[PDB]
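Trainee: Below is one structure. I have some questions about it.
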Amino acid sequence: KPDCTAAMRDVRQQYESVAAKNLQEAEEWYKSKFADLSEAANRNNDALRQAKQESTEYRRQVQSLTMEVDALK
Amino acid sequence: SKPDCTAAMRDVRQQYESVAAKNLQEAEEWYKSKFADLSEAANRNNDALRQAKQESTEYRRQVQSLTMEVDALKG
């Protein structure tokens, strides 16, 4: 009479393969949603880099015109 | 008593149920954690952009006012 260790090993393995495919399909879903939320989060990457640069440019312009007016007054 | 591994096989299925559910939970938590981080980051970007724009709105008006001061002063 078997001690059932062979039966236990076969059961573990069966449940191990199937559970792994279920996990994988679940991760594939999470990764697809990640890609989506990442696009969204970076939608305005460029517009932000340029708005920041545009702000610096304007500050310096304002400051220089401020100094011109003072030189004139 | 007849050979029968029914009960041992079932204890094995139940033990691996917990394992599987554990790994599925580990993944859910890791991904939900990244999903909230991307939400935080998007809002941060959107508010950074807005404040940037308002800066330039303000400066633009100043450029206009000052350019005319300059003009009136030079003659």
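Each chain in the structure tokens gets a letter, A, B and so on, in the order shown; residues start at 1 in every chain, and ligands are counted from 1 in the order they appear.
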Write out as a PyMOL selection string the residues lying within 12 Å of segment 21-37 of chain B, counting only C-alpha atoms and excluding same-chain residues fewer than 2 positions away.
Mentor: (chain A and resi 16+19-38+40-41) or (chain B and resi 14-19+39-44)
Trainee: Excluding residue 4 of chain A and its own-chain neighbours fewer than 6 positions away, which residues fall within 10 Å of it when counting only C-alpha atoms? Please give them as a ChimeraX atom specification.
Mentor: /A:10 /B:3-9
Trainee: Write the residues of the preceding selection, restricted to C-alpha atoms, as an mmCIF file, in the first residue's frame.
Mentor:
data_model
loop_
_atom_site.group_PDB
_atom_site.id
_atom_site.type_symbol
_atom_site.label_atom_id
_atom_site.label_comp_id
_atom_site.auth_asym_id
_atom_site.auth_seq_id
_atom_site.Cartn_x
_atom_site.Cartn_y
_atom_site.Cartn_z
ATOM 1 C CA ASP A 10 1.215 14.810 -8.386
ATOM 2 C CA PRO B 3 -5.642 2.182 0.133
ATOM 3 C CA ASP B 4 -7.051 5.662 -0.462
ATOM 4 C CA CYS B 5 -5.180 8.947 -0.746
ATOM 5 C CA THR B 6 -8.286 11.100 -0.991
ATOM 6 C CA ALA B 7 -7.832 12.856 2.344
ATOM 7 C CA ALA B 8 -4.081 13.517 1.920
ATOM 8 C CA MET B 9 -4.585 14.800 -1.618
#
Trainee: Which residues are close to segment 54-63 of chain B, i.e. within 12 Å by only C-alpha atoms, leaving aside same-chain residues fewer than 5 positions away? Reply as a CSV table (one decimal) with N, CA, C and O atoms, in the first residue's frame.
Mentor:
chain,number,residue,atom,x,y,z
A,50,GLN,N,8.1,72.8,-21.7
A,50,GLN,CA,8.1,74.1,-22.4
A,50,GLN,C,7.5,75.2,-21.6
A,50,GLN,O,7.9,76.3,-21.6
A,51,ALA,N,6.4,74.9,-20.8
A,51,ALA,CA,5.8,75.9,-20.0
A,51,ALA,C,6.9,76.3,-18.9
A,51,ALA,O,7.0,77.5,-18.6
A,52,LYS,N,7.6,75.4,-18.3
A,52,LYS,CA,8.7,75.8,-17.4
A,52,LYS,C,9.7,76.7,-18.0
A,52,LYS,O,10.2,77.7,-17.4
A,53,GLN,N,10.2,76.4,-19.2
A,53,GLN,CA,11.2,77.2,-19.9
A,53,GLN,C,10.6,78.5,-20.3
A,53,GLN,O,11.4,79.5,-20.3
A,54,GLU,N,9.3,78.6,-20.6
A,54,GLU,CA,8.7,79.8,-21.0
A,54,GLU,C,8.6,80.7,-19.8
A,54,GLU,O,8.7,81.9,-20.0
A,55,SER,N,8.4,80.2,-18.7
A,55,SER,CA,8.3,81.0,-17.5
A,55,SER,C,9.6,81.7,-17.1
A,55,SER,O,9.7,82.9,-16.9
A,56,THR,N,10.7,80.9,-17.1
A,56,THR,CA,12.1,81.5,-17.0
A,56,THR,C,12.4,82.6,-17.9
A,56,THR,O,12.9,83.6,-17.6
A,57,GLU,N,12.1,82.3,-19.2
A,57,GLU,CA,12.3,83.3,-20.3
A,57,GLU,C,11.6,84.6,-19.9
A,57,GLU,O,12.2,85.7,-20.1
A,58,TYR,N,10.4,84.5,-19.5
A,58,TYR,CA,9.6,85.7,-19.3
A,58,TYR,C,10.0,86.5,-18.1
A,58,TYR,O,10.0,87.7,-18.1
A,59,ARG,N,10.4,85.8,-17.0
A,59,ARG,CA,11.0,86.4,-15.8
A,59,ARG,C,12.2,87.3,-16.1
A,59,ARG,O,12.2,88.5,-15.7
A,60,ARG,N,13.1,86.7,-16.9
A,60,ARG,CA,14.3,87.5,-17.3
A,60,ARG,C,13.9,88.7,-18.2
A,60,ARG,O,14.5,89.7,-18.1
A,61,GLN,N,12.9,88.5,-19.1
A,61,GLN,CA,12.5,89.6,-19.9
A,61,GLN,C,11.9,90.7,-19.0
A,61,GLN,O,12.3,91.9,-19.2
A,62,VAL,N,11.0,90.3,-18.1
A,62,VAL,CA,10.4,91.3,-17.2
A,62,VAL,C,11.5,92.0,-16.5
A,62,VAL,O,11.5,93.3,-16.4
A,63,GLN,N,12.4,91.3,-15.9
A,63,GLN,CA,13.5,91.9,-15.1
A,63,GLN,C,14.4,92.8,-16.0
A,63,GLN,O,14.7,93.9,-15.5
A,64,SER,N,14.7,92.4,-17.2
A,64,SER,CA,15.4,93.3,-18.0
A,64,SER,C,14.7,94.6,-18.4
A,64,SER,O,15.3,95.7,-18.5
A,65,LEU,N,13.4,94.5,-18.6
A,65,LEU,CA,12.6,95.7,-18.9
A,65,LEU,C,12.4,96.6,-17.7
A,65,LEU,O,12.5,97.8,-17.8
A,66,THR,N,12.2,95.9,-16.6
A,66,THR,CA,12.3,96.7,-15.3
A,66,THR,C,13.6,97.5,-15.1
A,66,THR,O,13.5,98.6,-14.7
A,68,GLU,N,15.5,98.5,-17.7
A,68,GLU,CA,15.5,99.6,-18.7
A,68,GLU,C,14.7,100.8,-18.2
A,68,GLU,O,15.1,101.9,-18.5
A,69,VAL,N,13.5,100.5,-17.6
A,69,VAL,CA,12.6,101.6,-17.2
A,69,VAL,C,13.4,102.4,-16.1
A,69,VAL,O,13.3,103.6,-16.1
B,47,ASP,N,-0.6,69.9,-12.1
B,47,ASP,CA,-0.6,71.1,-11.3
B,47,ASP,C,0.7,71.9,-11.5
B,47,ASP,O,0.6,73.1,-11.4
B,48,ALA,N,1.8,71.2,-11.7
B,48,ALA,CA,3.0,71.9,-12.1
B,48,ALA,C,2.8,72.7,-13.4
B,48,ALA,O,3.3,73.8,-13.6
B,49,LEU,N,2.1,72.1,-14.3
B,49,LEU,CA,1.8,72.7,-15.6
B,49,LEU,C,1.0,74.0,-15.5
B,49,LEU,O,1.3,75.0,-16.0
B,68,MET,N,5.5,99.6,-22.9
B,68,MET,CA,4.9,100.9,-23.1
B,68,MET,C,5.5,101.9,-22.2
B,68,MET,O,5.8,103.1,-22.7
B,69,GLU,N,5.8,101.7,-21.0
B,69,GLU,CA,6.5,102.6,-20.1
B,69,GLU,C,7.8,103.0,-20.9
B,69,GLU,O,8.1,104.1,-21.1
B,70,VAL,N,8.5,101.9,-21.3
B,70,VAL,CA,9.8,102.2,-22.0
B,70,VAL,C,9.6,103.1,-23.2
B,70,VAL,O,10.4,104.1,-23.4
Trainee: Measuring atom to atom with only C-alpha atoms, identify which of A:6, A:11, A:46, A:67 is nearest to chain B.
Mentor: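 Distance minimum relative to chain B lands on A:11.
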